[PDB]
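First the structure, in the form of structure tokens, and then the observations on it.
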Amino acid sequence: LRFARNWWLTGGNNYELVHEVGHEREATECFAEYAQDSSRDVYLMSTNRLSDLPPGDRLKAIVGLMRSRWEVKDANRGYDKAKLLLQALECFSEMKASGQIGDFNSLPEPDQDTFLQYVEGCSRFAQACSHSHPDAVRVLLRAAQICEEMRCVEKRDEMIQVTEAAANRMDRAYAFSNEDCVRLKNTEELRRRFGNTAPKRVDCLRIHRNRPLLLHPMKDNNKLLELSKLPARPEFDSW
Amino acid sequence: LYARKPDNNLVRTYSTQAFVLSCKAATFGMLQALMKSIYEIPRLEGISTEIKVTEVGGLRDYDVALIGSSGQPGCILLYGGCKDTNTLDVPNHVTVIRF
Amino acid sequence: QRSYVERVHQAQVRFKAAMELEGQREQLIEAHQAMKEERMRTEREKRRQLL
Amino acid sequence: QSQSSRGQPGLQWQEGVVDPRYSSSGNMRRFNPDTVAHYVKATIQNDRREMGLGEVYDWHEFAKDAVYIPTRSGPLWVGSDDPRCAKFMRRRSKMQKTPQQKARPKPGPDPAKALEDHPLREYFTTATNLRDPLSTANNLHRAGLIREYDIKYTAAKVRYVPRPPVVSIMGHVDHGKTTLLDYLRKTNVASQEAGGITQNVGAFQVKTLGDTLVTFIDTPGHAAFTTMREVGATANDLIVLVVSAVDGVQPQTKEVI
Amino acid sequence: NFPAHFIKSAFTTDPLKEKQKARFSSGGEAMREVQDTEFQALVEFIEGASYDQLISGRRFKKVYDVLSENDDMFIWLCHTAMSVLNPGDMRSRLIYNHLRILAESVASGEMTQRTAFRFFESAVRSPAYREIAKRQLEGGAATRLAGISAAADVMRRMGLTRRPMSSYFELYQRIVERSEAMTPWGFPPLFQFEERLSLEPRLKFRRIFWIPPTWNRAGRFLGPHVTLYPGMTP
Amino acid sequence: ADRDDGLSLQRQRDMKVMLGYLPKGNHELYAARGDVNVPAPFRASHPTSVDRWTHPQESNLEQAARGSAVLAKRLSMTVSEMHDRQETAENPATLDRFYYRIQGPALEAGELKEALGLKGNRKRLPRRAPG
RNA sequence: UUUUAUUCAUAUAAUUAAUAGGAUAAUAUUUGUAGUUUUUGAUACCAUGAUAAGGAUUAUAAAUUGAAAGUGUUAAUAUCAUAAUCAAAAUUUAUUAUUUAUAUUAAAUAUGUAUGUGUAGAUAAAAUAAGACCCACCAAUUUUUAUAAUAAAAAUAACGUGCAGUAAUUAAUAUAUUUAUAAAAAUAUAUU
Ligand SMILES: Nc1nc2c(ncn2[C@@H]2O[C@H](COP(=O)(O)OP(=O)(O)O)[C@@H](O)[C@H]2O)c(=O)[nH]1
Ligand SMILES: [Mg+2]
């Protein structure tokens, strides 16, 4: 019906047809078949320490670390966040120091605002954690040095003022260094009742549709309780 | 980058008496002491004890199910006077040691 | 080849990081134990003197 | 090619004894030259002669390489050089040469670092440091008796009060720890104890000396209860080691010391 | 195993080779370097009798198809069925006009011969036609000859023939076949015509080899021209 | 065991069947048979499968050759021939049209058709991404 | 109650890698050109091609001396493109179509044993320049109903027995009866 048991092709008839056509548009367009090419396929190596990566890749890893910290969402003490932000700023600082074209004056608006928000977040975290960690002002000073390296006087002066004020604040701080009532009333009433004087749970079984069934104790008058109390084998067991 | 591939053609063939053992103590310290003593007990030549369930409660239904269902000889140890709540009946081939 | 070398190098780096973390934990444990021993020695000599 | 009975088998252990077919002495999948009948050997040799194969010389040594094949007829014993088990023998040899031939998933990020980055890390609680008011205030906040802004303020507010002492009675077996506690409490427990042996830790508060509360923990002296001894050692602040006068220092006393 | 021959002409040409091929060979260079169907089939067939050609069965089959491709068989069937009718009866006039329309449609090709034969068999198996034909046969003097002669003449006039005067030779053949008394006049074999038309959509009424044997294929063989026992030609 | 009658025909055939000389499924065998150029499933009843059958996939390096073949044919053709035959840049032009008759074993005939390019089945095609 | 014939004879032994010109030519001692040593399928295996056997049918009548042999497959075999341990010189080793009664060994060593009235069975040859898929038990696990000392069904790739449909080896089927370690049939009707 569908498959042939005979596996030999006989001679005669069996004139198959071959038809070939071609369009110039196919040859001109050539469509596209670039799935994976040598240009887009490259080796990949991994380094544990973040100083091995170049400053750009160091920042590309620092942003992921910041995302992980945000996923943690603990907030509260932010010394680790301050260190991450300081490393992020050090990426720009070493970019400028090494000799890259990146200079704060030459930076475009997006990169300028990114630098500003990074240094602002670092300074905010350092100011928050200055009292908890005595060395947070060190990261504040390092951020101010990074701003000076980038040659941004506007943020540099603010960083210097905030770090001086943080040092002063740290120095000064270190130099300084119904339900219950209802339950109580009920307990008192119960204790008074007990002093003056000087119910039982019933097992429940969820049978069907999670409907409870209560097995209440059998009435004391029926014969079944005495039937259970009587010995099983009179000849063998003691009476 | 490859792990060992199991082969199901090999099967276990019993050479010794396989004693399936369940242990249940009255208290957690009793359970720890019983486990330590059991593991300090050396293995005999023709005896192999397999410890399935160790607990702090009394005899349950799942204990009887684990020990008596398989034809292998079974021992259930009850350290202390823990109250039992098993509704089934323990098979005769299974030794219950209440101590 | 690229996939094999990537996987192997990542595994090596991760194993090194884990071993370094365990070494740091062991050093922390040893320092805490040393502090405990120092405190215990002071307490023992104080106990003898007070007795 | 596969050594497994086609019909679905049941329990291989009878209620009291092991099934002979599944025992080592009567393994159904092992060719036993000491118990096989004449017709089995006749069939094996007939196959080895009908198809080009070596002559069967020693049944005891041939049983080593005898390959078992399940059939509706029963066990089929096929020589290691017989073509029927060629794929099975090839796979077995490849397994013997190199068994680890199945790929496994790449391990992910280290769970230890994942714990550092866990979203619920701040909910972890720790035993209060008995000498740290900051730790006491932090535990108070974590229990929800003070707000998070009251940590440093309540740290100074924390004060220390003398608590009743806890003393653990330890020693060797039959050295009189139970009898000493029994005399102290006037309860007669050493006689009503089952077997005359202590196997459960008991904490009892007594009003002795200057009408002060002292909590005694009766640690058993049997060698097995090392965990109970450790629990008593951790809980108690003072330990009383009772040694018999007639019976000298024992290994249990040595380990307690 | 089997080397790739790539007999396709589109799998053996590439733009790199075509770029150099086009310069040497193109339309301009090629131009610079180079310098009644029945009758045509008949002359093609008979030109094989030249001194440099042979009579081939392909050409004879071609000319036979060209000669027999018409539907004059069906047209003559319809008009022979019409001949027996009575030019005075109104039912006979209706049947005559229906069959004339059928024949005209067949000649024009507007209706396929299969459905035309369905119409024809349904028309000729009707009781009215059978009764009319029975009266025609019973009459001592009948109009069958005049009817069939007029049928040939109208087949010529209306252009229902491959050639203008073929209808008269077909009429002569019809009369000489009527001399054989194969079937009563006006009662064609419908089962026979149905069997014909089920298979054929159109109703109709020293060896030479294209592949010579090779030495590997044939062990001891010389050829179709060699004579092992020749004679002496004067 | 030299001068032995040997295994019976039925026993030998059953042994070969057990060993697996008979394929478990017919899909691979009828795909390589070469009588038809259809893909492995041998049955297309979905619109995408039908489109796959109607428009066989071809690599760009060979589509360029196919278009160059018609470019060369039109270049060889004269202006008047092209205009009369309606062979223009937009109208498609046929390249090859022939009939062949093949006789012999199915598997070997299929392999021969693969070698000659008559059987486009069982062809590996590199993957493509997006457009 | 159509013709013809048939006794047929050698058969194992051992070692296999490179180019280099001359008389009558305006000159080359290059007359006489000097760098050991890291690889391995057939002294015995290549499975694939040919061959054997071997068939087809239109030519009316007149003229003309004319206008007239063609192969699949099944088979066996083998020296070829494909899978390492061994045949070609020292030949006994038995391998189809032969000279029968007048004269019988001179140039490479060239046949001493079968006369028996030409008396079997088998075998070969030709009309040609001649003149005719698949059943039951057994084995093997096991599963359900049942716990009665039950009993029964069913799932199952390699066993051992008997032979069971597919126009199929036998008119078919059904009912009833009978035998054999319990397969297969037999017997007797009814139906088609
Ligand atoms: N004479 C005497 N007997 C003692 C003393 N302490 C314990 N015993 C004996 O030890 C027995 C109880 O042992 P127990 O205290 O329970 O052993 P332990 O729990 O291991 O210390 C009693 O029968 C006493 O007779 C003691 O101080 N004097
Ligand atoms: Mg005690």
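Within each chain, counting starts at residue 1; across the structure tokens, chains are named A, B, ... in the order shown, with ligands numbered 1 upward in that order.
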Surrounding residues as a PyMOL selection string, ligand 2, max 6 Å, only C-alpha atoms (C1' of nucleotides) and all ligand atoms: chain D and resi 177-178+197-198+220
For N, CA, C and O atoms, I'd like the residues from the last selection saved as a tab-separated table (two decimals), in the first residue's frame.
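So the final result, stored in again20.tsv, reads:
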```tsv
chain	number	residue	atom	x	y	z
D	177	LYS	N	26.93	8.86	91.00
D	177	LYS	CA	26.35	10.14	90.62
D	177	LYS	C	24.85	10.16	90.89
D	177	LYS	O	24.31	11.12	91.46
D	178	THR	N	24.15	9.09	90.49
D	178	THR	CA	22.72	8.99	90.75
D	178	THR	C	22.44	8.99	92.25
D	178	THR	O	21.51	9.64	92.71
D	197	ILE	N	20.53	1.75	85.96
D	197	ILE	CA	21.43	2.44	85.04
D	197	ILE	C	20.74	3.70	84.54
D	197	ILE	O	19.53	3.69	84.27
D	198	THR	N	21.49	4.78	84.44
D	198	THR	CA	20.97	6.05	83.94
D	198	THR	C	21.19	6.13	82.44
D	198	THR	O	22.30	5.90	81.95
D	220	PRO	N	24.51	10.61	82.37
D	220	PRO	CA	24.86	9.19	82.46
D	220	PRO	C	26.34	8.95	82.20
D	220	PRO	O	26.98	9.68	81.44
```
Could you give me, as a count of residues only, each residue of stretch 11-224 of chain A that DSSP assigns to alpha helix (DSSP H) when run on this structure's backbone? 125
In Å, how far is it from atom CA of residue E:107 to atom CA of residue E:160?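 Distance between the two atoms: 5.8 Å.
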Would you name the residues within 8 Å of ligand 1, counting only C-alpha atoms (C1' of nucleotides) and all ligand atoms, and put them as a PDB file with N, CA and C atoms, in the first residue's frame?
```
ATOM      1  N   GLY D 171      30.836  11.182  85.551  1.00  0.00           N
ATOM      2  CA  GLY D 171      31.766  10.221  86.113  1.00  0.00           C
ATOM      3  C   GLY D 171      31.693   8.907  85.352  1.00  0.00           C
ATOM      4  N   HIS D 172      32.234   7.871  85.980  1.00  0.00           N
ATOM      5  CA  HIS D 172      32.204   6.528  85.425  1.00  0.00           C
ATOM      6  C   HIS D 172      30.983   5.774  85.948  1.00  0.00           C
ATOM      7  N   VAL D 173      30.672   4.653  85.291  1.00  0.00           N
ATOM      8  CA  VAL D 173      29.506   3.866  85.667  1.00  0.00           C
ATOM      9  C   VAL D 173      29.661   3.348  87.091  1.00  0.00           C
ATOM     10  N   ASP D 174      28.552   3.350  87.834  1.00  0.00           N
ATOM     11  CA  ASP D 174      28.498   2.841  89.206  1.00  0.00           C
ATOM     12  C   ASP D 174      29.428   3.609  90.143  1.00  0.00           C
ATOM     13  N   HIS D 175      29.641   4.896  89.875  1.00  0.00           N
ATOM     14  CA  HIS D 175      30.455   5.737  90.738  1.00  0.00           C
ATOM     15  C   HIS D 175      29.621   6.633  91.646  1.00  0.00           C
ATOM     16  N   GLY D 176      28.303   6.452  91.665  1.00  0.00           N
ATOM     17  CA  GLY D 176      27.465   7.114  92.644  1.00  0.00           C
ATOM     18  C   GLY D 176      26.949   8.487  92.283  1.00  0.00           C
ATOM     19  N   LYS D 177      26.931   8.857  91.000  1.00  0.00           N
ATOM     20  CA  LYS D 177      26.345  10.142  90.621  1.00  0.00           C
ATOM     21  C   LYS D 177      24.846  10.158  90.891  1.00  0.00           C
ATOM     22  N   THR D 178      24.153   9.090  90.493  1.00  0.00           N
ATOM     23  CA  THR D 178      22.723   8.994  90.755  1.00  0.00           C
ATOM     24  C   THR D 178      22.445   8.991  92.249  1.00  0.00           C
ATOM     25  N   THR D 179      23.259   8.271  93.024  1.00  0.00           N
ATOM     26  CA  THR D 179      23.053   8.222  94.467  1.00  0.00           C
ATOM     27  C   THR D 179      23.304   9.581  95.113  1.00  0.00           C
ATOM     28  N   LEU D 180      24.313  10.314  94.639  1.00  0.00           N
ATOM     29  CA  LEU D 180      24.583  11.642  95.184  1.00  0.00           C
ATOM     30  C   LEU D 180      23.433  12.598  94.893  1.00  0.00           C
ATOM     31  N   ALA D 190      17.341   6.201  92.591  1.00  0.00           N
ATOM     32  CA  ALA D 190      18.318   5.162  92.287  1.00  0.00           C
ATOM     33  C   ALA D 190      17.736   3.763  92.420  1.00  0.00           C
ATOM     34  N   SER D 191      16.689   3.595  93.224  1.00  0.00           N
ATOM     35  CA  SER D 191      16.046   2.297  93.370  1.00  0.00           C
ATOM     36  C   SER D 191      14.906   2.095  92.384  1.00  0.00           C
ATOM     37  N   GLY D 196      18.855  -0.124  87.183  1.00  0.00           N
ATOM     38  CA  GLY D 196      19.931   0.482  87.946  1.00  0.00           C
ATOM     39  C   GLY D 196      20.951   1.202  87.096  1.00  0.00           C
ATOM     40  N   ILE D 197      20.530   1.754  85.962  1.00  0.00           N
ATOM     41  CA  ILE D 197      21.425   2.435  85.038  1.00  0.00           C
ATOM     42  C   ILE D 197      20.735   3.697  84.541  1.00  0.00           C
ATOM     43  N   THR D 198      21.494   4.784  84.443  1.00  0.00           N
ATOM     44  CA  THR D 198      20.970   6.046  83.943  1.00  0.00           C
ATOM     45  C   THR D 198      21.188   6.131  82.440  1.00  0.00           C
ATOM     46  N   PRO D 220      24.512  10.611  82.368  1.00  0.00           N
ATOM     47  CA  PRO D 220      24.859   9.188  82.457  1.00  0.00           C
ATOM     48  C   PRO D 220      26.339   8.955  82.196  1.00  0.00           C
ATOM     49  N   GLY D 221      26.877   7.926  82.845  1.00  0.00           N
ATOM     50  CA  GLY D 221      28.278   7.583  82.738  1.00  0.00           C
ATOM     51  C   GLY D 221      28.614   6.443  81.806  1.00  0.00           C
ATOM     52  N   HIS D 222      27.624   5.837  81.159  1.00  0.00           N
ATOM     53  CA  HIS D 222      27.896   4.744  80.238  1.00  0.00           C
ATOM     54  C   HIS D 222      28.657   5.254  79.020  1.00  0.00           C
ATOM     55  N   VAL D 242      32.530  12.665  89.764  1.00  0.00           N
ATOM     56  CA  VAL D 242      32.508  11.736  90.886  1.00  0.00           C
ATOM     57  C   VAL D 242      33.310  10.497  90.513  1.00  0.00           C
ATOM     58  N   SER D 244      34.820   6.820  92.160  1.00  0.00           N
ATOM     59  CA  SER D 244      34.706   5.891  93.274  1.00  0.00           C
ATOM     60  C   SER D 244      36.016   5.834  94.050  1.00  0.00           C
TER      61      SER D 244
END
```
If the cut-off is 9 Å, can you tell me the residues of chain C near chain D, counting only C-alpha atoms? I'd like them as an NGL selection string. :C and (7 or 11 or 14 or 18 or 21)
Residues of chain A within 7 Å of chain D, counting only C-alpha atoms, as a PyMOL selection string: chain A and resi 68-69+71-74
Take the selection from the previous step and output its residues with N, CA and C atoms, as an mmCIF file, in the first residue's frame.
```
data_model
loop_
_atom_site.group_PDB
_atom_site.id
_atom_site.type_symbol
_atom_site.label_atom_id
_atom_site.label_comp_id
_atom_site.auth_asym_id
_atom_site.auth_seq_id
_atom_site.Cartn_x
_atom_site.Cartn_y
_atom_site.Cartn_z
ATOM 1 N N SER A 68 23.495 41.633 41.572
ATOM 2 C CA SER A 68 23.371 40.569 42.564
ATOM 3 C C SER A 68 23.117 41.139 43.956
ATOM 4 N N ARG A 69 23.808 42.225 44.306
ATOM 5 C CA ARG A 69 23.585 42.860 45.601
ATOM 6 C C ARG A 69 22.162 43.402 45.709
ATOM 7 N N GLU A 71 19.596 42.157 44.137
ATOM 8 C CA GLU A 71 18.784 40.960 44.335
ATOM 9 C C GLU A 71 18.796 40.531 45.796
ATOM 10 N N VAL A 72 19.954 40.646 46.453
ATOM 11 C CA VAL A 72 20.024 40.386 47.889
ATOM 12 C C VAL A 72 19.088 41.325 48.639
ATOM 13 N N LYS A 73 19.126 42.611 48.289
ATOM 14 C CA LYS A 73 18.183 43.616 48.782
ATOM 15 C C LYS A 73 18.232 43.772 50.301
ATOM 16 N N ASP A 74 19.353 43.413 50.929
ATOM 17 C CA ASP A 74 19.461 43.563 52.376
ATOM 18 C C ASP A 74 19.521 45.032 52.777
#
```
Would you list which chain D residues are within 6 Å of chain G using only C-alpha atoms (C1' of nucleotides), as a PyMOL selection string? chain D and resi 7-9+72-74
Between chain D and chain F, at 7 Å or less, what are the per-residue closest atom pairs and their distances in Å? Count only C-alpha atoms, order by chain and rising residue number, and return it as a Markdown table.
```
| residue | atom | partner | partner_atom | distance |
| --- | --- | --- | --- | --- |
| D:49 | CA | F:1 | CA | 5.0 |
| D:50 | CA | F:6 | CA | 4.9 |
| D:51 | CA | F:6 | CA | 6.6 |
| D:52 | CA | F:1 | CA | 6.5 |
| D:84 | CA | F:19 | CA | 6.6 |
```
What's around residue D:20 at 12 Å? Count only C-alpha atoms (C1' of nucleotides), leave out sequence neighbours fewer than 6 positions away in its own chain, and write the answer as an MDAnalysis selection string. (chainID B and resid 13:15) or (chainID D and resid 12:14 26:29)
Please return as a VMD selection string: the residues of stretch 22-242 of chain D that backbone DSSP assigns to strand (DSSP E). chain D and resid 67 to 70 75 to 78 102 to 103 166 to 171 202 to 208 212 to 218 238 to 242
Grab the atom CA of residue D:216 to atom CA of residue D:202 distance for me, in Å with one decimal place.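 Atom CA of residue D:202 lies 8.0 Å from atom CA of residue D:216.
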Distance-based interface of chain E with chain F, 12 Å, counting only C-alpha atoms, as an NGL selection string: :E and (1-32)
Could you give me, as a PyMOL selection string, the residues within 6 Å of stretch 32-49 of chain B, counting only C-alpha atoms (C1' of nucleotides) and dropping anything in the same chain fewer than 5 positions from it? (chain B and resi 16-19) or (chain D and resi 224-225)
Take the residues just selected and output them with N, CA and C atoms as a PDB file, in the first residue's frame.
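Ended up saving to selection_35.pdb:
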```
ATOM      1  N   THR B  16      24.649 -13.612  51.887  1.00  0.00           N
ATOM      2  CA  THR B  16      24.478 -13.623  53.333  1.00  0.00           C
ATOM      3  C   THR B  16      23.008 -13.407  53.675  1.00  0.00           C
ATOM      4  N   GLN B  17      22.696 -13.510  54.965  1.00  0.00           N
ATOM      5  CA  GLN B  17      21.364 -13.192  55.464  1.00  0.00           C
ATOM      6  C   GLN B  17      21.250 -11.678  55.575  1.00  0.00           C
ATOM      7  N   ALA B  18      20.355 -11.093  54.783  1.00  0.00           N
ATOM      8  CA  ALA B  18      20.160  -9.649  54.751  1.00  0.00           C
ATOM      9  C   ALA B  18      19.085  -9.278  55.764  1.00  0.00           C
ATOM     10  N   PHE B  19      19.507  -8.710  56.886  1.00  0.00           N
ATOM     11  CA  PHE B  19      18.606  -8.297  57.954  1.00  0.00           C
ATOM     12  C   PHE B  19      18.271  -6.823  57.768  1.00  0.00           C
TER      13      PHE B  19
ATOM     14  N   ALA D 224      28.443   4.667  75.879  1.00  0.00           N
ATOM     15  CA  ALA D 224      27.729   4.963  74.642  1.00  0.00           C
ATOM     16  C   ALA D 224      27.203   6.394  74.607  1.00  0.00           C
ATOM     17  N   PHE D 225      26.836   6.956  75.757  1.00  0.00           N
ATOM     18  CA  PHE D 225      26.194   8.266  75.779  1.00  0.00           C
ATOM     19  C   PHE D 225      27.212   9.401  75.728  1.00  0.00           C
TER      20      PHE D 225
END
```
